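For reference, upload_2.cif is printed below; it contains mmCIF, C-alpha atoms and all ligand atoms.
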data_structure
#
loop_
_atom_site.group_PDB
_atom_site.id
_atom_site.type_symbol
_atom_site.label_atom_id
_atom_site.label_comp_id
_atom_site.auth_asym_id
_atom_site.auth_seq_id
_atom_site.Cartn_x
_atom_site.Cartn_y
_atom_site.Cartn_z
ATOM 1 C CA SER A 5 117.877 32.397 56.209
ATOM 2 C CA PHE A 6 121.014 33.543 54.260
ATOM 3 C CA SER A 7 123.108 35.994 56.309
ATOM 4 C CA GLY A 8 126.225 38.074 55.784
ATOM 5 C CA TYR A 9 125.994 38.341 51.988
ATOM 6 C CA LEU A 10 127.079 41.349 49.874
ATOM 7 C CA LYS A 11 124.375 42.343 47.333
ATOM 8 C CA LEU A 12 125.917 42.611 43.826
ATOM 9 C CA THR A 13 122.628 43.094 41.854
ATOM 10 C CA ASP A 14 118.874 42.863 42.360
ATOM 11 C CA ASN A 15 119.151 39.032 42.470
ATOM 12 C CA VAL A 16 122.838 38.038 42.962
ATOM 13 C CA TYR A 17 124.496 37.915 46.399
ATOM 14 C CA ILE A 18 128.041 36.861 47.402
ATOM 15 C CA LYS A 19 129.867 35.782 50.600
ATOM 16 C CA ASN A 20 133.334 34.446 51.521
ATOM 17 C CA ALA A 21 132.230 31.071 52.859
ATOM 18 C CA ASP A 22 132.625 27.301 52.371
ATOM 19 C CA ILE A 23 129.494 26.175 50.480
ATOM 20 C CA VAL A 24 129.456 22.892 52.505
ATOM 21 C CA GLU A 25 129.320 24.811 55.824
ATOM 22 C CA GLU A 26 126.768 27.225 54.368
ATOM 23 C CA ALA A 27 124.529 24.343 53.221
ATOM 24 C CA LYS A 28 124.742 22.646 56.684
ATOM 25 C CA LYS A 29 123.639 25.898 58.359
ATOM 26 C CA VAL A 30 120.911 27.092 55.991
ATOM 27 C CA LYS A 31 119.529 23.728 54.662
ATOM 28 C CA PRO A 32 118.538 25.516 51.419
ATOM 29 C CA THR A 33 115.911 24.164 49.041
ATOM 30 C CA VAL A 34 118.655 23.869 46.357
ATOM 31 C CA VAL A 35 122.433 23.594 46.595
ATOM 32 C CA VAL A 36 124.333 23.626 43.254
ATOM 33 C CA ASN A 37 127.139 21.176 42.606
ATOM 34 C CA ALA A 38 129.986 21.951 40.153
ATOM 35 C CA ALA A 39 129.619 18.558 38.416
ATOM 36 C CA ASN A 40 131.218 16.801 35.445
ATOM 37 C CA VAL A 41 129.220 14.846 32.826
ATOM 38 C CA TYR A 42 129.910 11.479 34.556
ATOM 39 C CA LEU A 43 128.852 12.795 38.022
ATOM 40 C CA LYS A 44 132.236 11.596 39.370
ATOM 41 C CA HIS A 45 132.595 13.770 42.488
ATOM 42 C CA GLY A 46 136.338 13.480 43.083
ATOM 43 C CA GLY A 47 137.613 16.939 43.842
ATOM 44 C CA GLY A 48 136.802 20.661 44.083
ATOM 45 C CA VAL A 49 133.281 21.570 45.258
ATOM 46 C CA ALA A 50 131.912 18.171 44.100
ATOM 47 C CA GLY A 51 134.437 16.183 46.169
ATOM 48 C CA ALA A 52 133.730 18.376 49.243
ATOM 49 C CA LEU A 53 129.900 18.139 48.966
ATOM 50 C CA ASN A 54 130.096 14.381 48.366
ATOM 51 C CA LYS A 55 132.349 13.799 51.395
ATOM 52 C CA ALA A 56 129.891 15.813 53.553
ATOM 53 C CA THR A 57 127.139 13.327 52.502
ATOM 54 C CA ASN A 58 129.292 10.366 53.540
ATOM 55 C CA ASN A 59 129.461 9.291 49.833
ATOM 56 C CA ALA A 60 125.643 9.050 49.549
ATOM 57 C CA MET A 61 125.737 11.684 46.751
ATOM 58 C CA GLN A 62 128.131 9.464 44.740
ATOM 59 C CA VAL A 63 126.028 6.278 45.238
ATOM 60 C CA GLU A 64 122.899 8.122 44.042
ATOM 61 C CA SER A 65 124.815 9.668 41.129
ATOM 62 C CA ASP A 66 126.149 6.251 39.959
ATOM 63 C CA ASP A 67 122.558 4.904 39.812
ATOM 64 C CA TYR A 68 121.493 8.058 37.835
ATOM 65 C CA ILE A 69 124.294 7.524 35.240
ATOM 66 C CA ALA A 70 123.569 3.763 34.969
ATOM 67 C CA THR A 71 119.940 4.607 34.052
ATOM 68 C CA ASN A 72 120.357 7.799 31.979
ATOM 69 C CA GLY A 73 123.917 8.024 30.708
ATOM 70 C CA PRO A 74 126.133 11.111 31.017
ATOM 71 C CA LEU A 75 124.954 14.693 31.173
ATOM 72 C CA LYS A 76 125.757 17.248 28.431
ATOM 73 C CA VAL A 77 128.381 20.004 29.072
ATOM 74 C CA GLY A 78 126.085 22.976 29.876
ATOM 75 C CA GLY A 79 123.403 20.616 31.269
ATOM 76 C CA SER A 80 122.109 19.598 34.675
ATOM 77 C CA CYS A 81 120.039 17.175 36.682
ATOM 78 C CA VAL A 82 118.172 17.453 40.011
ATOM 79 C CA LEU A 83 119.020 14.811 42.620
ATOM 80 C CA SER A 84 118.652 14.583 46.419
ATOM 81 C CA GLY A 85 120.428 17.155 48.622
ATOM 82 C CA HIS A 86 120.923 14.457 51.315
ATOM 83 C CA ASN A 87 121.861 16.074 54.664
ATOM 84 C CA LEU A 88 122.789 19.389 52.987
ATOM 85 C CA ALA A 89 119.667 20.661 51.185
ATOM 86 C CA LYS A 90 116.305 19.429 49.930
ATOM 87 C CA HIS A 91 117.771 19.065 46.372
ATOM 88 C CA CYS A 92 121.159 19.187 44.700
ATOM 89 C CA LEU A 93 121.222 20.719 41.220
ATOM 90 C CA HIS A 94 124.255 19.113 39.497
ATOM 91 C CA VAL A 95 125.349 21.595 36.805
ATOM 92 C CA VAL A 96 128.166 20.946 34.295
ATOM 93 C CA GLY A 97 130.139 24.038 33.349
ATOM 94 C CA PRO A 98 132.834 23.684 30.655
ATOM 95 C CA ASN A 99 136.253 22.505 31.906
ATOM 96 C CA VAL A 100 138.909 24.612 30.091
ATOM 97 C CA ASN A 101 141.639 22.174 31.364
ATOM 98 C CA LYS A 102 139.872 19.430 29.262
ATOM 99 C CA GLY A 103 139.554 21.859 26.235
ATOM 100 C CA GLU A 104 135.804 22.490 26.517
ATOM 101 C CA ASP A 105 134.117 25.558 24.961
ATOM 102 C CA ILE A 106 133.781 28.487 27.401
ATOM 103 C CA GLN A 107 130.660 29.671 25.484
ATOM 104 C CA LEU A 108 128.811 26.777 27.156
ATOM 105 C CA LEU A 109 129.149 28.627 30.506
ATOM 106 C CA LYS A 110 126.055 30.748 29.748
ATOM 107 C CA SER A 111 124.023 27.564 28.994
ATOM 108 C CA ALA A 112 125.249 26.092 32.350
ATOM 109 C CA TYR A 113 124.043 29.161 34.311
ATOM 110 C CA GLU A 114 120.616 29.114 32.519
ATOM 111 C CA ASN A 115 119.825 25.942 34.524
ATOM 112 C CA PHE A 116 119.652 28.143 37.656
ATOM 113 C CA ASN A 117 116.553 29.944 36.258
ATOM 114 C CA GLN A 118 114.439 26.825 36.889
ATOM 115 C CA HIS A 119 114.746 27.406 40.720
ATOM 116 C CA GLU A 120 113.505 30.452 42.636
ATOM 117 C CA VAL A 121 116.431 30.497 45.096
ATOM 118 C CA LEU A 122 119.784 28.638 45.084
ATOM 119 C CA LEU A 123 123.022 28.375 47.063
ATOM 120 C CA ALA A 124 125.813 28.007 44.486
ATOM 121 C CA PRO A 125 129.544 28.076 43.732
ATOM 122 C CA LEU A 126 131.136 29.892 40.772
ATOM 123 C CA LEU A 127 130.836 27.643 37.727
ATOM 124 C CA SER A 128 133.891 26.645 35.712
ATOM 125 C CA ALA A 129 136.216 28.406 38.205
ATOM 126 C CA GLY A 130 138.878 26.635 40.350
ATOM 127 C CA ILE A 131 140.060 23.363 38.859
ATOM 128 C CA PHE A 132 137.732 23.822 35.856
ATOM 129 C CA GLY A 133 140.241 26.420 34.607
ATOM 130 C CA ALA A 134 138.070 29.420 33.571
ATOM 131 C CA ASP A 135 138.617 33.039 34.664
ATOM 132 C CA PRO A 136 136.467 33.539 37.822
ATOM 133 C CA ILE A 137 135.862 37.230 37.002
ATOM 134 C CA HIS A 138 134.336 36.140 33.669
ATOM 135 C CA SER A 139 132.271 33.433 35.439
ATOM 136 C CA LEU A 140 130.770 35.999 37.853
ATOM 137 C CA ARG A 141 129.958 38.337 34.914
ATOM 138 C CA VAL A 142 128.148 35.515 33.020
ATOM 139 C CA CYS A 143 126.254 34.589 36.252
ATOM 140 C CA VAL A 144 125.018 38.186 36.754
ATOM 141 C CA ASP A 145 124.050 38.547 33.087
ATOM 142 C CA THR A 146 122.240 35.154 32.836
ATOM 143 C CA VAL A 147 120.622 34.205 36.161
ATOM 144 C CA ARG A 148 117.331 36.024 36.950
ATOM 145 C CA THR A 149 116.362 33.982 40.074
ATOM 146 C CA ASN A 150 117.863 34.607 43.545
ATOM 147 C CA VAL A 151 121.398 33.213 43.706
ATOM 148 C CA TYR A 152 123.596 33.182 46.839
ATOM 149 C CA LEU A 153 127.200 32.604 45.764
ATOM 150 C CA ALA A 154 129.596 31.122 48.334
ATOM 151 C CA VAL A 155 133.246 31.768 47.503
ATOM 152 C CA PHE A 156 135.684 29.697 49.611
ATOM 153 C CA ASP A 157 139.011 31.310 48.723
ATOM 154 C CA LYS A 158 139.334 34.610 50.594
ATOM 155 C CA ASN A 159 141.787 36.131 48.135
ATOM 156 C CA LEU A 160 139.466 35.224 45.222
ATOM 157 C CA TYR A 161 136.437 36.726 47.065
ATOM 158 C CA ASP A 162 138.322 40.009 47.596
ATOM 159 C CA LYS A 163 139.400 40.094 43.915
ATOM 160 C CA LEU A 164 135.815 39.373 42.655
ATOM 161 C CA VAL A 165 134.290 42.154 44.807
ATOM 162 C CA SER A 166 136.969 44.788 44.023
ATOM 163 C CA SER A 167 136.817 44.158 40.238
ATOM 164 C CA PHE A 168 132.975 43.833 39.891
HETATM 165 O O1 LIG A 201 137.014 29.124 46.142
HETATM 166 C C1 LIG A 201 135.863 28.867 45.597
HETATM 167 O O2 LIG A 201 134.860 29.407 45.969
HETATM 168 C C2 LIG A 201 135.780 27.964 44.436
HETATM 169 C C3 LIG A 201 135.631 26.625 44.466
HETATM 170 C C4 LIG A 201 135.638 25.705 45.662
HETATM 171 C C5 LIG A 201 136.423 24.526 45.640
HETATM 172 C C6 LIG A 201 136.427 23.650 46.716
HETATM 173 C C7 LIG A 201 135.648 23.907 47.844
HETATM 174 N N1 LIG A 201 135.520 23.085 48.964
HETATM 175 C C8 LIG A 201 134.685 23.598 49.799
HETATM 176 S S1 LIG A 201 133.940 25.093 49.345
HETATM 177 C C9 LIG A 201 134.851 25.059 47.863
HETATM 178 C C10 LIG A 201 134.843 25.957 46.788
HETATM 179 C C11 LIG A 201 135.434 26.076 43.059
HETATM 180 C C12 LIG A 201 135.320 27.311 42.180
HETATM 181 C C13 LIG A 201 135.712 28.506 43.020
#
Once you've parsed the file, please lay out its structure as structure tokens.
Amino acid sequence: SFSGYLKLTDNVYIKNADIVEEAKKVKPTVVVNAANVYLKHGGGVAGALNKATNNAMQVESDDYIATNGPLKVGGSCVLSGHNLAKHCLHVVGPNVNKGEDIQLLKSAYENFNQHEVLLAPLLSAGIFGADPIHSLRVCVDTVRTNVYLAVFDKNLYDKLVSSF
């Protein structure tokens, strides 16, 4: 069902695309959200995915936090994918702009290995403040399952491919 991707490795693929539009087209089994520990989906990929669900992702996430408390940096939880996917895997990469340890990025990507195939964004990139080239390197070196990476920014996509 995924089309137009560049193969980087045996199991990692990449495309210049909006992950929201990709999820609406493919209806993947799992879409990854670039979450924070409170599951407050205000901006970046999380704000865009939540708006595409008409805020249903945020209402579900608030009930999850009321029952379970916050996630760990490097951790994840599986919730509904609403109108975008069967499931959403909310994964917390470290936010460098909040002073979090970049070494937790490998632990964040290890959550992907629990799912045979995923549609995902680059973790800890964008407003999370990490170097996207480093994030793609950790993804390739950690994830063993089939990951389809959707990169929204065209200039970033071109830089990630040409420096890989
Ligand atoms: O350019 C990108 O691929 C990146 C992100 C992003 C942010 C917001 C957004 N809204 C719709 S698709 C999307 C992707 C976060 C990390 C890198």
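For ligand LIG 201 (chain A), the set of protein, DNA and RNA residues within 6 Å, based on all atoms listed in the file, reads residues 22, 23, 24, 48, 49, 52, 125, 126, 129, 130, 155, 156 and 157 of chain A.
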How many Å separate CA of residue 26 in chain A from CA of residue 150 in chain A? 15.8 Å
Proximity of range 12-45 of chain A to range 82-92 of chain A: per-residue shortest pair, 12 Å limit, all atoms listed in the file, as CSV:
residue,atom,partner,partner_atom,distance
A:23,CA,A:88,CA,9.9
A:24,CA,A:88,CA,7.5
A:25,CA,A:88,CA,8.9
A:26,CA,A:88,CA,8.9
A:27,CA,A:88,CA,5.3
A:28,CA,A:88,CA,5.3
A:29,CA,A:88,CA,8.5
A:30,CA,A:89,CA,8.1
A:31,CA,A:89,CA,4.6
A:32,CA,A:89,CA,5.0
A:33,CA,A:90,CA,4.8
A:34,CA,A:91,CA,4.9
A:35,CA,A:92,CA,5.0
A:36,CA,A:92,CA,5.6
A:37,CA,A:92,CA,6.6
A:38,CA,A:92,CA,10.3
A:39,CA,A:92,CA,10.6
A:43,CA,A:83,CA,11.0
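CA of residue 70 in chain A to CA of residue 112 in chain A spans 22.5 Å [interatomic distance, one decimal].
Distance annotation: of A:78, A:133, A:98, A:47, the residue with the minimal separation from residue 113 in chain A is A:78; atom set is all atoms listed in the file.
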My list of candidates is A:45, A:148, A:158, A:141. Which is closest to residue 62 in chain A when distances are computed with only C-alpha atoms? A:45
When you draw a straight line from CA of residue 168 in chain A to CA of residue 135 in chain A, how long is it in Å? 13.3 Å
Nearby residues, (132.1, 10.4, 33.9) file frame, 9 Å, all atoms listed in the file, as a ChimeraX atom specification: /A:40-44,69,74-75
